[PDB]
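K.L.:
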Amino acid sequence: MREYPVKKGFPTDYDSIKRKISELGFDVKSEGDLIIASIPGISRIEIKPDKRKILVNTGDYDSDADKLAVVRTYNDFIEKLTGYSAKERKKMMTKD
Numbered sequence: 023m024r025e026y027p028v029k030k031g032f033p034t035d036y037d038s039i040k041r042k043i044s045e046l047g048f049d050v051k052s053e054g055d056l057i058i059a060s061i062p063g064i065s066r067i068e069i070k071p072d073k074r075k076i077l078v079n080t081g082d083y084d085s086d087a088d089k090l091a092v093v094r095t096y097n098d099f100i101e102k103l104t105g106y107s108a109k110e111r112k113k114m115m116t117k118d
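Okay, structure coming up:
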């Protein structure tokens, strides 16, 4: 599973994200109490927003589609859903 941080202010609510998803041009499915995101290249993904942070869980990807490519679209999705950038990751690696 993938765990992403949350920006101070950014949306962290199912509905909020639901709008952000559809606002980006994506779809969202309600499977029980869990939220499902609808992105291109990916079959189905689970989203669990929390006041603290958020996390995503991917299943199987289209072997026909560059898993690395779909990743660029999958990350970008969360990237905007979180705000943090890959460049930010450095902050993590850079302790000193």
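Here PDB author numbering is used: the first residue of the sequence shown is 23, the next is one more, and so on. C-beta atoms are modelled at their ideal positions from N, C-alpha and C, and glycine is treated no differently.
(1) With respect to the alpha helix (DSSP H) encompassing residue 96, which residues constitute its N-terminal and C-terminal limits?
(2) Going by alpha carbons, who is nearest to residue 25 out of 64, 103, 51 and 89?
(3) Opposite residue 46 in the DSSP bridges: which residues?
(4) Round the Cβ separation of residue 105 and residue 32 to the nearest angstrom and send it over; I've been treating them as touching at under 8 Å.
(5) Is it right to say residue 59 is buried, meaning 16 or more other beta carbons lie within 10 angstroms of its own, or is it exposed?
(6) Are residue 78 and residue 100 close, meaning C-beta to C-beta below 8 Å?
P.N.:
Put simply:
(1) 89 to 104
(2) 103
(3) BP columns for residue 46 are empty, so no partner.
(4) 5 Å
(5) buried
(6) yes
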